Amino acid sequence: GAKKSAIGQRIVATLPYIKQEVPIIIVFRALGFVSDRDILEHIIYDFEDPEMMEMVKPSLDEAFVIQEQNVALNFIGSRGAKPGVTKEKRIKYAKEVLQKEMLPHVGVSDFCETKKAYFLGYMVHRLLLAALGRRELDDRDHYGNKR
Amino acid sequence: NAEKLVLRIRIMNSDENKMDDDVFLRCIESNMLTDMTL
Amino acid sequence: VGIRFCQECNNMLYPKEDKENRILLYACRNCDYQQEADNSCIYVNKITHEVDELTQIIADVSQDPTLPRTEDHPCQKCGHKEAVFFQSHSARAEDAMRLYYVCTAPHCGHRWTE
Amino acid sequence: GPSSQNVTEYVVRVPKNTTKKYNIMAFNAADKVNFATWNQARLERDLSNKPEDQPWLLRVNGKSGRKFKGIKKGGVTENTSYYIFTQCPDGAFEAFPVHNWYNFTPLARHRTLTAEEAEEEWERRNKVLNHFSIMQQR
Amino acid sequence: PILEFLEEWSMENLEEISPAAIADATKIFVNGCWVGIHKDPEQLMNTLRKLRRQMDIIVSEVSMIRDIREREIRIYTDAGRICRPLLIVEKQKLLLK
Amino acid sequence: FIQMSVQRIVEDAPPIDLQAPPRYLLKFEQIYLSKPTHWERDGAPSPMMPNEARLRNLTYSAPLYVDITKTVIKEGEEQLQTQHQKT
Amino acid sequence: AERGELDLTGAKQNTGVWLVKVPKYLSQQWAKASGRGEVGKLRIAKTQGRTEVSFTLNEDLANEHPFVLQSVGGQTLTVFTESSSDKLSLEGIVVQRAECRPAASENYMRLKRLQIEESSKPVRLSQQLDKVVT
Ligand SMILES: [Zn+2]
Ligand SMILES: [Zn+2]
């Protein structure tokens with residue numbers, strides 16, 4: 001597309017109990033990280049790497065409109081499997097989804113958003129390395145990935 | 001003769017004289033890289 | 001190449017042009033903030049991307065016991081005879097057979113390729 | 001001089017109880033927080049949930065100044081404790097346990113797009129023109 | 001017991017660090033959870049290996065993996081991991097005598 | 001599984017809260033297992049040997065018991081806490 | 001001047017404080033009495049181009065704790081307190097971070113093992129029952 005190939009390749013997230021995926025940056029907005037620098041700090045640990053910074057540009061533009069945590073939570077709640085009757089209930093549902101359903105192994109406590117942002121950023125960071133070719137793709141057959 | 005081969009591109013003068021003067025180059029740059037056939 | 005962040009809301013700064021002065025300006029979005037651009041390059045991509053692997057190589061790899069070690073390539077920085085050699089083995093290269101050497105002397109993470 | 005070999009030793013005191021609790025306030029380095037302009041500030045519990053188990057809201061210089069939100073550290077220090085040493089005239093260090101750890105980040109102030117407004121932009125999210133212009137119209 | 005020991009040693013919790021410090025340090029993962037970062041990965045692995053071999057805090061079935069290139073230490077304690085006994089070799093010699 | 005997982009599963013289960021307004025709570029704490037037992041027609045328990053299970057087409061199963069504590073509140077500033085040991 | 005106002009006087013004086021990470025046993029011993037007004041002495045030794053921090057445990061308390069400093073330029077830390085009379089104040093700004101480590105290495109794990117075992121007491125396990133419940 002004209003503008004489709006200009007921004008590049010954008011990253012989305014398929015969170016549980018959501019019918020349709022959401023932009024990755026939106027999930028960071030919901031977790032409480034609003035500014036781009038705060039979000040990118042959890043994804044790119046070395047700002048001196050121009051290659052990594054470009055990979056996240058299309059993702060930032062996709063979620064440019066959403067600029068507040070409550071706005072982001074409503075967007076996540078709006079796409080929930082059981083959309084809320086009102087906007088306030090949508091935010092509560094989205095908060096519950098991220099609180100327990102998203103990355104539960106990281107934590108389920110009400111104050112684990114920071115830990116979930118780091119791991120989610122690590123998931124994005126790992127994806128960028130695969131996209132950049134810096135790290136080899138995981139092997140399903142590798143038996144240390146099995147239980 | 002120069003060790004580096006270069007090709008400078010700029011938008012038409014008539015349009016300069018609607019989408020975006022900056023983003024449009026990226027659309028052209030991406031479009032020319034793949035869609036254009038040499 | 002340089003990525004700039006707003007000084008008010010710590011958001012991304014995108015390039016913008018002021019017709020009044022005809023000088024590149026990095027203007028924050030949703031922040032009515034502007035900055036004086038100096039690089040003059042807003043976007044650059046290298047299709048060949050001949051990015052040096054030595055920059056990517058981490059000196060800690062010299063502690064890997066699974067890497068081969070050669071005494072025939074002494075370190076230039078310190079002269080340590082022992083060195084640990086390996087291949088990049090990273091995608092986008094299409095030809096990964098050259099060896100990169102890392103000095104095994106502690107505190108000397110010198111990296112070189114022959 | 002004496003500073004080249006100065007040795008200082010002070011007594012450590014641990015009062016059983018204090019009227020005021022001690023907690024850590026953390027600011028990110030990139031925030032460039034400066035207290036010179038902090039003429040006035042307000043710290044209170046949030047009202048979004050609508051108390052002791054809710055986030056803390058920090059406001060500086062009223063609405064004009066920057067606003068920060070503090071969140072309790074989810075990770076508990078079951079195997080760790082934190083103490084702060086404060087200089088006193090008696091010359092003996094005093095250590096107070098950290099009741100809580102709070103992380104504060106700045107909150108940007110501007111005409112942020114509302115939830116209803118974001119719905120319209122969702123139509124053009126895939127295809128949008130002149131990202132700068134979207135804020136100007138609002 | 002692994003997390004308690006890691007906190008005692010020079011491992012900084014994720015909450016109590018600035019993101020600028022994560023670049024040089026190695027991420028510490030326990031059962032897939034990024035517990036924190038550590039500035040001396042080599043010494044930690046030697047200490048972690050020593051404890052497991054002495055069976056002090058780390059049980060025999062706990063596997064510690066250091067990805068030197070990726071600057072990551074992965075500690076796995078969950079079930080379902082297939083392992084086998086191997087003789088330890090130090091300085092090109094068997095510890096079995 | 002028997003020594004840890006079963007007990008953890010019972011412990012991790014949320015307490016049962018019921019409202020009528022009298023309020024009822026059920027909390028399960030301790031798990032007990034008896035040796036594999038078989039009950040005769042008369043109802044007399046007896047240890048079940050694996051060969052007898054094989055011969056008589058029985059299931060080699062051990063009875064499972066759980067200590068249940070029940071607390072009831074009847075908005076009368078009184079609380080009654082009754083525990084059923086080895087349910 | 002209001003209830004929510006923060007007494008930022010401590011920030012004005014630029015008072016410096018030290019953040020120290022210590023294990024539980026050291027604090028647990030302090031928590032034992034916690035009212036004698038004394039738990040030990042903090043000794044700091046400085047040389048021409050090196051500084052070392054160490055702490056000594058009180059003899060009565062027992063019946064060496066070397067300290068390692070950490071960089072504080074990567075994060076700015078401040079200390080504030082909330083008064084019971086609803087009067088918040090800022091004690092000061094953290095200027096240095098330190099951590100406490102155990103002098104012993106082998107027998108120290110023995111104390112840790114006891115703590116791990118002690119914290120395992122609430123860990124309930126299924127109990128074999130000799131006689132079927134009747
Ligand atoms: Zn801005
Ligand atoms: Zn060398």
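A short reminder: the numbers here are calculations on the coordinates, not readings from a lab. A quick note on method: Cβ atoms are made from the backbone with ideal geometry, for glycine too, and the neighbour counts reach across all protein chains shown.
By how many degrees, between 0 and 90 and to the nearest 10, does the Cα long axis of helix E:41-54 differ from the longest principal axis of chain E?
Value to nearest ten degrees: 40.
Would any residue of region D:104-119 have its amide N under 11 Å from a label point 7 Å out along Cα→Cβ of D:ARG138? List them or say none.
D:110-119
In 20 Å bins starting at zero, report the fraction of Cα pairs in the protein assembly as shown per bin as a rounded %.
The distribution over the protein assembly as shown is 12, 38, 36, 12, 1, 0, given as percents.
Choose one of A:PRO83, D:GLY65, D:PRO89: the residue whose Cα lies farthest towards the positive end of the charge dipole of the protein assembly as shown (beta-carbon charges +1 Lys, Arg; -1 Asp, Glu; about the Cα centre).
Checked the options; the winner is A:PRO83.
Sort E:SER10, C:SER62 by Cβ crowding within 10 Å, fewest neighbours at the top.
Arranged by neighbour count, lowest to highest, E:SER10, C:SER62 become E:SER10, C:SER62.
What net charge is computed for the residues neighbouring G:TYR108, neighbours being all others with C-beta under 12 Å from the C-beta of G:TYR108, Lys and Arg scored +1, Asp and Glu -1?
0
Using the Cα centre as the reference, give the magnitude of the dipole from point charges on the C-beta atoms of chain G (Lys, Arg: +1; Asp, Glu: -1; all else neutral), rounded to the nearest 20 debye.
Result for chain G is approximately 420 debye, rounded to the nearest 20.
Mind checking the mean number of beta-carbon atoms from other chains within 10 Å of the Cβ atoms in G:23-35?
3
From the backbone phi of region E:21-33, what are the Karplus-calculated ³J(HN,Hα) couplings (6.51 cos²θ - 1.76 cosθ + 1.60, θ = phi - 60°) in whole Hz, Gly and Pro given as x?
In residue order, the calculated couplings are 7, 6, 4, 6, 6, 9, 5, 10, 10, 10, 6, x, 9 Hz.
Report the label-to-label distance for A:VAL108 and F:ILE9 in nanometres (one decimal), using points 7 Å from each Cα along the Cα→Cβ vector.
In this crude spin-label approximation the distance works out to 1.6 nm.
Need the C-alpha centroid separation for region G:46-105 versus region F:9-36, integer Å.
For region G:46-105 versus region F:9-36, the Cα centre distance is 46 Å.
Report, to the nearest 10°, how far helix A:50-62 tilts away from the longest principal axis of the Cα atoms in chain A, using its own Cα long axis and a range of 0 to 90°.
30
What is the distance in Å between the Cα centroid of region E:38-60 and that of region A:41-95?
About 39 Å separates the Cα centre of region E:38-60 from the one of region A:41-95.
Placing +1 on the Cβ of each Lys and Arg and -1 on the Cβ of each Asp and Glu in the protein assembly as shown, which of F:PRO45, F:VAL66, D:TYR102 has its Cα farthest towards the positive end of the resulting dipole?
Positive-most Cα among the choices belongs to F:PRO45.
How are the alpha carbon pair distances in region C:1-85 distributed across 5 Å bins from zero to the largest one, expressed in percent?
Going from the shortest bin to the longest, the percentages are 3, 11, 14, 13, 9, 7, 8, 8, 8, 9, 7, 3, 1.
Which FRET efficiency, nearest 0.05, do G:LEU114 and D:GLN5 yield, Cβ-Cβ r, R0 45 Å?
E(calc), rounded to 0.05, equals 0.60.
Provide Rg and Dmax in Å for chain D, with only Cα atoms included in the calculation.
In Å, with Rg to one decimal and Dmax whole: 22.7, 73.
How far apart, in nm, are two points set 7 Å out from the Cα along the Cα-to-Cβ line at A:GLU48 and at C:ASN21?
The answer from the label model is 3.1 nm.
Rank by packing, highest mean first: peptides D:55-66, F:67-78, E:76-87, with packing defined as the count of other Cβ atoms within 10 Å averaged across residues.
Those peptides, ordered most packed to least, come out D:55-66, F:67-78, E:76-87.
Of A:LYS57/D:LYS63; F:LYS74/G:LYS32; A:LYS89/D:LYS72, which pairs sit farther than 30 Å apart, going by alpha carbon to alpha carbon? Before the final figure, lay out the partial values.
Details: A:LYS57/D:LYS63 32 Å; F:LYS74/G:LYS32 41 Å; A:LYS89/D:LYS72 24 Å.
Checking Cα-Cα distances, A:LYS57/D:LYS63; F:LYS74/G:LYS32 exceed 30 Å.
When the convex hull of the Cα atoms of region G:46-134 is projected onto a plane and the area is averaged over all directions, what value comes out in nm²?
Working: hull surface 60.0 nm².
Seen from a random direction, the Cα hull of region G:46-134 projects 15.0 nm² on average.
Between region C:1-49 and region E:71-86, what's the alpha-carbon centroid distance in Å?
Cα centroid of region C:1-49 versus Cα centroid of region E:71-86: 47 Å apart.
Please state the charge dipole magnitude for the protein assembly as shown, taken about the Cα centre, from unit charges on C-beta atoms (+1 on K and R, -1 on D and E), reported in debye and rounded to the nearest 20. Don't skip to the answer; put the middle values down first.
Numbers: 105 positive and 105 negative charges, 293 e Å.
Dipole about the Cα centre, nearest 20: 1400 debye.
If I take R0 = 35 Å and measure r between the Cβ atoms of G:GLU106 and G:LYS41 in this structure, what FRET efficiency does the formula 1/(1 + (r/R0)^6) give, to the nearest 0.05?
0.85
Name the residues whose placed amide hydrogens come within less than 5 Å of the amide hydrogen of C:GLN35, ignoring near sequence neighbours (fewer than 5 apart) on the same chain.
Under 5 Å from the amide H of C:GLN35 lie the amide H atoms of C:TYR26, C:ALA27, C:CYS28, each far enough along the sequence or on another chain.
Between B:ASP21 and D:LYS20, with labels modelled 7 Å along Cα→Cβ, what's the label distance in nm to one decimal, could you check?
Going by the 7 Å Cα→Cβ label model, 5.7 nm.
Based on C-alpha coordinates, I'd like the Rg and Dmax of chain A, in Å.
Calculated on Cα positions, Rg and Dmax stand at 16.0, 48 Å.
With r defined as the distance between the Cβ atoms of D:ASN130 and F:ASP17 and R0 fixed at 51 Å, what FRET efficiency is calculated, to the nearest 0.05?
So the FRET efficiency works out to roughly 0.35.
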